[PDB]
Each structure stands twice: as structure tokens, then as C-alpha cells.
Amino acid sequence: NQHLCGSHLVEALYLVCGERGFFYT
Amino acid sequence: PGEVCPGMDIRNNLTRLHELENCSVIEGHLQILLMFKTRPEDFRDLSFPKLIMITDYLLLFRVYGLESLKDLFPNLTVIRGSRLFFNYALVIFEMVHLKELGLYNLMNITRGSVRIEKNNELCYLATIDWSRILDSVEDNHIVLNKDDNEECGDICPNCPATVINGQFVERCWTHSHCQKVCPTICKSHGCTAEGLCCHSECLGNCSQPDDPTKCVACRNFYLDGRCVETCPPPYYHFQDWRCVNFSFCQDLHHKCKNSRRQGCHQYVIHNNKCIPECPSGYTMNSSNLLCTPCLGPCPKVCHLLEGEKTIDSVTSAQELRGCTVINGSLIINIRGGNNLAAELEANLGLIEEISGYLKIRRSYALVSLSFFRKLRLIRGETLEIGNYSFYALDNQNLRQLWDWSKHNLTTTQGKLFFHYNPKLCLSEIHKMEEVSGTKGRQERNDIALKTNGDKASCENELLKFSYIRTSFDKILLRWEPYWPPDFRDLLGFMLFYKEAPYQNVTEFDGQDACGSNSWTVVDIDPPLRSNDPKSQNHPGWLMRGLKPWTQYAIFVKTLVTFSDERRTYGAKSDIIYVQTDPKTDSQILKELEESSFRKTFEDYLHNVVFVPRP
Amino acid sequence: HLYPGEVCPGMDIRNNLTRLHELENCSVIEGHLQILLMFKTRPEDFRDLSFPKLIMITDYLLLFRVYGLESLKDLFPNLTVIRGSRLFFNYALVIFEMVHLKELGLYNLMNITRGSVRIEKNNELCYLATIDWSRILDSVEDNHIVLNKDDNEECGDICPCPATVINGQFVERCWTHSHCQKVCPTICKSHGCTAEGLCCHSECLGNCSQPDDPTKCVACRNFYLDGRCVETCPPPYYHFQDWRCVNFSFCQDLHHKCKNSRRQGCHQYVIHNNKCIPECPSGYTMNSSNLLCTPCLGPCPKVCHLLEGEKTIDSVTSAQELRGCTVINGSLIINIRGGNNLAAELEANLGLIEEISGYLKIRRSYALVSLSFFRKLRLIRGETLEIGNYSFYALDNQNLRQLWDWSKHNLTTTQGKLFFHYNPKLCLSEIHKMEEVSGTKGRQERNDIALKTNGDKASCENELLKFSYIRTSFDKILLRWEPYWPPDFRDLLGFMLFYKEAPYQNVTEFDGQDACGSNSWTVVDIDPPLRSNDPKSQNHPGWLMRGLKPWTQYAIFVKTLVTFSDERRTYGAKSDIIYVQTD
Amino acid sequence: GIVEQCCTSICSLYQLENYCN
DNA sequence: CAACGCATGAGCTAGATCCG
């Protein structure tokens, strides 16, 4: 749908980042 | 005699009786009532000895000190009785100091019954033979007088007698006048002094026998000092006692076509009698005041009070009952009441045309102006200041003006005004100028762009029904899932259904109240979403309370919240026909606040836990 | 001992379990503690991880989207108080969207000092109707526990624990399957408690080792000093973060690290009034070397330099950062969504704002009652403005009632133009007295501040009408009130009279709401008094009631109804509600 | 702000690849 | 000069200081 907000945002972002890990300062 | 004069209505003073200085036949009704501060020494020098025939009735209701009537009306002969008071033609009720009745000269009261009550000093009531005065004797009412206990010595003079119920009593009005009787060979024309009977046309007394020019009360019709049974052309009958020409009936129609307050009775000519209004299925031609019958729906005609009439509730609308064509302006201000479902369509559901300018000022209870169901035109001869003809303010719940498919409005002049109408959308006041045609004669109207559309939607998409299955008593309804582009915003769905006789039901009709509805509103929670084109995501609802072999109407209406830019969304399905084999307004706002509270927190939580790389 | 471990700063744990090992011997976490975003984790390896000596956490605790935590009693068995100096969207404990949480298990938690708790959106969580929250944290209405597995009474809920009677029912309160909570007799409220009911020393919370000993307590209350609990620690020492006391050598050397500003999160801690406070407050400056605070020459304000030109006050996490600053060099929005009541905490932190150099905006705020928490507003300087040349602004505030008490408050807005829209409980009288005392006098729009949509749902009038004569019969009761005339003799549509039944004297006031309902008092219209041209006349108007039941009490009040006008007068008049009984 | 550049508008996969190291 | 006699009580005739 390419309008990624709501509860799908935390799931769709995981599959594109499945091994690197999330980023923080 | 004298001249004719209209009917009095006097109260609490005595100075109003000077207007009978020259009256002789008072057409109308004379009623003297409620005079309290009058001593008997005020009634000695007062006399109208030439009042001879009154047409409607007489009424004497609580005068004080009227000692006898034999010096006020000493020459009454005939009362006619066209219009009556409780179906009574002579009403003597609750006087005091009334000793003798003393109307010693009346001969033939034509229609009615005499009602004499509760006047505690009245005798000479037992010696009055009402068998030969009024023709219909059995409805008079003479109770609770002085003569329940017989005390007063009513001896009267040498005067003739008859029998009434087995008793051979003498007949007398007063102690010095007795009841004039005529022998039965000449029944109703009345006798002279020695016993010859009068002409065959007269009522009561006649001055000289066998001369119809000079009796004092014509029975059928009066005409120019003679007496005539049917007035020939070129004359016309009027108020069924005297005859006028055409010129004497025309000019007073124009002389009180304008009302002082009311009315006049606008006179028509119809079959040799000037009548106030023609009967049903007949209408006046305005040229020569002739009365001609009808084809189809007849005008009424309903003119109005001083150019503007305001409807506050149903009791204000009762004066406009059955009114078809209205020659002036109109204004509606409805707030509430009880049982507002079908009554506003009942009082004004046959209205045809309106000719001033229409104001929907301060109206709150309405939802739609579809109750002008037969209205075709607002032509607007007179204009509202500001060059307007259509005005609307303070419409907090108005949603739909008119259905431009099953109805064709037009108008010619003036301008329009739609301000502060939130629920009234913008495309529906763009949908009217194709039908009304103010893009023709093209004019710059003044409607603000931001003043409407609030708590409303018009960019709705179209929901398509997916699967339908009918049993003998149940129908399932699953359709395609609608999502706004932010799927947290959709609170749920709203389904509407009602039985339908044919394939002609419109979408918002007949409910038109504050907290009532003709439909049966039912709710359904939304389904879940799994980011999957094929999944178990089609919504559903089961309908149970059906009837066999009925035909219904059904449609789907979403209910979403607002982002903070006044940019709404939504959808609405078509009206589909299927055939078989308390949520108050305060609960709407607080339940929509809690859904916007749960959206706000998990919108904040994503905002601080993900941090971009620099 | 009291706090046997090491002090330990705040941590974030993401994507693995390897970062969790640095919580081995930490005993107090100043700062916050988050556990976030752990997807590749089986439930079998949380059985061998335990943090025994964790005692108190100062700010808050956030757990969001982990996989494999069945119950928290493996990790945090002994946290007794979470204190709440720095909240998180006005919540002090938030557990949001776990998938495999079965039991809450935090069976030792006693006192949440500041904040609330929000346990949200768990598809397996049970035991939420057995906690008795009203004893643990000291407020009770600000919580939010919805959308769970305990939306239905279906989790079993066996417990073998006082079974308290705080509500009207005899229900039992327990943490887990095999741990029941401790509520002992209520003589000492929060001063600690042993097993056999003996009360502890006054300066303690939670458990006790031995009763009445300020040396061997466990969860201490006011400050901390060398294994004891002292109410006010003496001035060889100063307060620090309102839980410690520490000597002179500590509060000085933190200057020398972040005077070389390698990160703008550090603060140069300077001594003031026996506190180790980061920025010395308004009207004070620091000297060169000795690090104290001295009285200022003239005024010297703490200018509160706001980033990016806007701020959006949502809760006490965002309204925490403007504490103690006085001259805002930007503009503030106010957008408080939902909410039960937030006027109790907004005063004590942003209520010292003197000069503001932008615009205000009060949009979509539901639970506002009055704008009084702004205390020392003097001037809205307004070098900038909104779209459409505005300085003040309101929208959709469904419970706003008052701008400021104008008897003792002064406000001078130099330039800009007002704006008001959809305030259903704010009268035009409170915004027109605003119009005369503000610096603007006649700068309006046409269409100006909205004359129609303000105050529709609340009736409000100023001049009073009294009653003069009341007569009573068994079916009719008669009224007579003293007259009233506006400066225009035509500006009167008449009156309107209301009468309703009331069997007791606790009848409400007229809300002013029109919703076609039974509480519209059965309004009877009164014809206007005809123009008498006479002071003493038949224009002392009354009415007569006809449809009465005998021996009952009725509530009557009378209100006028005038045409509103462009001139700023004729607000009307309204009497007070009385009671009359028929015989 | 992830909720303002992937909810008020569309965002490309070059943009939300920045969030993961 | 402060309830009642010179009525009744919401049944085409007025409307509760409505009349002294």
C-alpha cells in the first residue's frame, strides 16, 4: 500500500532490517 | 323605516348604545353583556322604539339593574336566526332585578329555541304560550327561575286564552299587555286588531289588510318598499332577507379587499345569491366575480397575515393547513416538540407555490427540506433586502436540500445565502444551480467556502456488495473492506435497513426529528487487517429479525474521525434491494475522543524509539 | 546493609541479550530503563537470567515488543519503589504490546511516588483484576488498562492476600499463581511493615529487616547518607537528585568534564541553597571560580532558548523541559488530547513564564477547565504571527470556561489580532473584557472573533431579577417579578419561564443545552410587556400556571430573551432558582 | 520523526533504510 | 385607601393588579 503508518510500521520495518539491528545514538 | 347597520358587541359602558340612534333592522347579532356598575335609575330614559327585526340572535348575560325589557326593545316583531349561540336564538341568563320579560310584540321567531335561566326575580314566565311563537317547541330550557316556588301574584287583564297541557290559563306578557293571538284560519301571516288576516306574504303585524306594500316584517324578501317572494332579474339575493342589484354587491368587495383586521368576507356571485365563499370544487373568476367549477386540484386561495408568517411549532402551522398558493414571504423556525416524525409533512404536504422569500433562520430540529414535496417554484415577486430570496443561517443538523432526480425546481430572480450550515455539504449546493439555473442569467452569489462542510463528508467512495444469501428467515451481508489511508481512523460501520413496498425508496426521508428515526440503525465492529490481499479480512454482519417474502432496502455507511486539517474521508454503498424466500450525541463525542487518545500515544511511542542515522 | 550495590546510569537494550549483562550488580538506576525490540528470542533462555539486587528505579520503566517473557518474576523480583522524577507521557510504568506475557509477576512493588501506570494491548496477559492498584500508587483515576485478555472474565484466576474490602465486594487480591500481596494493618500507612504486623521506623518504605532501625532498612525515603536514612542531611553534605547526599568533591569535578562540550546533554552542576542544581535559576549568575550563586545586579533572566521555533505541549514529559525558564524566545502551542485532568501539574513547572515572544494556540484540547495555570504572563511581545496575522488563537476547546481572573491580572499584547472559534462553554463577556484590557482595542476582521459559535452550550447572564409576589392555591400558583429594561426599548422579544418537578432541593442549574430532551424544563413562552409609556403600569409581568398536581415541590426560574447585536451590550438577565410548594 | 515522513506522505525504501544502522 | 361584593375558573364571553 506504501503508506506505512500505524501498527504495520513496526512490522514492515523489521523485514528490511532483519540482521543489521536498529540504530540509536 | 331606518337604515341597516351591523351588529354591536357592547361591554362595561353604556355610551355605546348611542349608535342605535337610527337603526331599524340590525343585521348581525346584538349581545349586551357584563355591565356591573349600573343602577336602575340609569335605565329610565333609554329607549329604542323603532328596532323592528334583528336577524341573528339576542343575548343578555349579567346586566345589573335592567328592570324590564319593555322600555328598551318595545317593538321587536321577528327574530330570524341564521347564526345561533349554542343553537339558541334568545338567551336570558343570570340577571337580577328583572321582574317582567315584557317583550310584548314579538310574533314569530323563525329558527331556534329560547333559553331562559337563573334570574331570581322573574315571573310572568308561566303565562307565555310558546306553542304559537316558535315553530320548533321541544328544545327550550326554562329552569331554576323565581317560579319554582310560586309566590308572585301574576294577575293580568278581557284578554284571550287557550289551552296547552290541560289547564285553561289566561295568556299575558305583563300586567298591562297580553299576548296577541290570531285565529287558526290565517296561521302565520298574523291578524289585525279586529281579527281579519293580513296579506299572504307578511309576518306578524300589518298596518292595513290586503296590501303587501305596508306590513312591517316581510317573510321571504324585502325589495324597495314592496314585498316579493322571489326577486327577479336584474336583482340578486343577499343575506336571505333583502335584495340588491349587481352594483350594490360589487363595490364592497373592493372596499374591504383590504382588511382593517378581518376580513372582509370577499363576495362572489353564484346562482343569484351573494355568498361569502364558493363551495368545494368551485373557484372565482376575478374579472366579473363569477363562480366557475374546477378541473384537477383547485386553489384555495391562502393569503397570509402582513406579508410574513413565522412557524414556531405545530400550533403555529395550523393556520396554513391545506394552503396551496401563498402570496407573500415565509419563515420557518422549528426547535422541538413531541412526535415530530410525520406531522411536519402532514400540515404542509400539499403546498404548491410560494411567492416572497424563504427563511430557514434558527431552525434546528429539521434534517431536510423534503417536506415541500409538491413545491415547484419560488418566483419571488417581493425581495429581501440585500437583493436576496433564499436565506439560511443556524442549521446545525441540516443535511439535504432536495432530490434533484425525482424533482425539478426553478426560480427566476434574487440571490441566495448559505452561511453557518456545517452539516449541509458543498457539492449539494453545487448540485442545485443546474436545476435552479442560476448559472443562467449568471450572477455572483455569496456563499463562503469554509462555512460549510464541517462534521460532513462529500468525497466518499463507493462500496460494492460482495455476497448475498437468503434463507427463509435470515440474510447474511458481507461486502468489500473499506479503509481510510490511515487505518487507525475508522471507528466502525453503520448499517441501515427498513421494509420497502416498491423500488422507489430515497436515502434520507421521513425521519426528520431530533432523536427518532424511521430506519433501524444497527452497529458492527470493524475487522482486523493483516497486510494481505487474500485473508479473512472481509467484514460481515448477520441479520436475524426478518419476515417471509418481504422486500427490504439496505446500505452501508462508514464513520471515521477527522485529522487536524478539516480533511475527512469515508464511503457509502448503493441502495440495494433484497428479497427473502440509545446512542446519544454526548456518547458519540466521548467515544470518539477515547479512540483519538489511543491513536496519539502509540503515535508518540514510535517517535522516540527509532532514531535516524546522521 | 541498605544499598549494597553500585550506582548505575540509564540503559537501553535492543536486538539481543548481550547488552543485558552490564546490569550484573546495579542497585539503583538513576535515569530510565528500557527493554525494546527483541524478536529472535525463544522463551526457553529467559529461565536462567535474574537480577536479584535491583531495588529502586528513579524515572520509569518501558517494555515494548519483546518475545519470550512469560512473567516478569524471573528478571525483577525485588524492585520496591519506582519514583518518577522524569515521566514518560505522564506515565511512570508502561508495558505496551508484548505478545507472550502471561503473568505480571512484579510481586514486591509497593509505592509508585509520581505518575501513573498504563498496561496496554497484551494478547496473553492475565491477573489484572486482582492487583488492587489504589493502595500501590497514590493516585487512581489517571490509569488506563484496556484492550487485554482480561476484557472478559476468562483467565481462571485461582489464588490460594487479605481479600480486602476497598470496594463493595469480597474479592481476593493476588499477584501470581503462588504469590499473594501484602496489605498489613493501616496504622502506619507507608512507613514499612514486617510479617507479624509490627510497624517499622518512620523513615522507610516497603519491607523491613528489623523493626525500628534506620541502619538496616531496604527502601529508604527522603535522602540517603552512609547506610542510614536522615530527614535533612547536615551541611557537611548537600542534596543531590532528591535521593542522595554527597560531599564537596563530587559536585565540583563534573564541571571539568563537560566544560569541554563534547555533548550538549551534560550540565555544569553548580551549588545553590544546599542543592547540586544544574542551572542556577532566574535572577542569579555564577561567579568565575568558587561555584556559588550570588544576587544579580538589576534583573538577569534565564532566557529559555527554544529550538526550531515551535513546541507542542502534550503532557508532563514535554512540559518538564520548560521548568524554571522565564523568557521564551519562541512560540508555544497547547494541544492536550483526551486527558482526565492536567491542571494540577502544569502550574508548578511552566507557571513561571513571564515574557513570551511568539504566538499562543489552544487547539483541540478537551480536558482544559481554565487557562489559569499560566501565572505570571505579562506581555505577549509578538514579533511573529500565525498564518492570517494572529497572536492569540483557540479551536474546539470543549470545556474551556475562563481565560483569566481579570480582577488582579494584567496582560498587554502589543500587536496582532485575536481569534476565537467553537468554545461551547465560554461566554462573550469574558472575551470582551479581554478586548478592553489588552493592548488591542479595535483591530478586528469582519468576520472577526466569532459571534455565533461561542457559548452555545452554557447560558450566562449578569444582571439579576428578583421576585416580588407569590400566591399559591391547590391547582394554580402565581408569579410576579420586578421589571427590567435595556437601553433600547425595542430590544426585547419578551421572557421565557421554566417550571419542573423536583421532590428534593438538590436540583441542578440550567445547563443551556438544547438536545430535544425532557430536561428542557417544559418551557412556557411569555408575551412581551406591551410598551406602556408609564413607570407604574401593567408591565410588571407575571403568568399563571394551570396543570398542577397538589402537594408537590416545583422549581421555577425566569430568563429574558433579547436580540444579540453588534454593540457590546444587552447580555440579558436571569433570576436564581427558587422552590415553591402547592398545598 | 518516522511518523511524519512515513505517514503524512509516502516514503521510499532508500529513506527508511537509514533507520537500521 | 389597601379576601371580598356588584361572576366564574379554561365547559362562539373575558384570562387572574382581569375590575373597584
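Numbers run from 1 along the shown chain.
Looks like electron microscopy, 4.0 Å, at least that's what the header says.
Note: Cβ is positioned from N, Cα and C throughout, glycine not excepted.
The recorded disulfide partner of C:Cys245, taken from Swiss-Prot and restricted to C:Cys233, C:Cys251, is C:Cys233. The Cβ neighbour count for C:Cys199 (disulfide bond), using a 10 Å radius and every protein chain shown, is 17.
With C:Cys199 (disulfide bond) as the anchor, the candidate recorded positions are C:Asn111, C:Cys174, C:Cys258, C:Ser372, and the one with the nearest CA is C:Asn111. Taking the C-alpha atom of C:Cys159 (disulfide bond) as reference, the shortest distance to any of the recorded positions C:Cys26, C:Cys280, C:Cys304, C:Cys325, C:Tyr366 belongs to C:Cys26.
Using a 10 Å Cα-Cα cut-off from C:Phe39 (site 'Insulin-binding'), the recorded positions that qualify among C:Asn16, C:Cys161, C:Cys293, C:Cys325, C:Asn329 are C:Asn16. When the Cα of C:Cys180 (disulfide bond) is compared against those of the recorded positions C:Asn111, C:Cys174, C:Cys188, C:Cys300, the shortest separation belongs to C:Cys174. Contacts of C:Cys204 (disulfide bond) defined by a Cβ separation under 8 A and a same-chain sequence distance of 6+ are given as C:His191, C:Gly192, C:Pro214, C:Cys217, C:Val218, C:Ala219, C:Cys220, C:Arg221, C:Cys229, in order along the sequence. Of C:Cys258, C:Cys293, C:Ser365, C:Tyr366, listed as recorded positions, those near chain B by the criterion of a Cβ under 8 Å from one of its Cβ atoms are C:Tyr366.
Calculated from their C-alpha atoms, the gap between C:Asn78 (N-linked glycosylation site) and C:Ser365 (phosphoserine) amounts to 40 Å. Neighbour counts of Cβ atoms within 10 Å were taken for the disulfide-bonded residues C:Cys161, C:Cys184, C:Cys296; the minimum is at C:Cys296. Other Cβ atoms within 10 Å of the Cβ of C:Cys300 (disulfide bond), summed over all protein chains shown, number 12.
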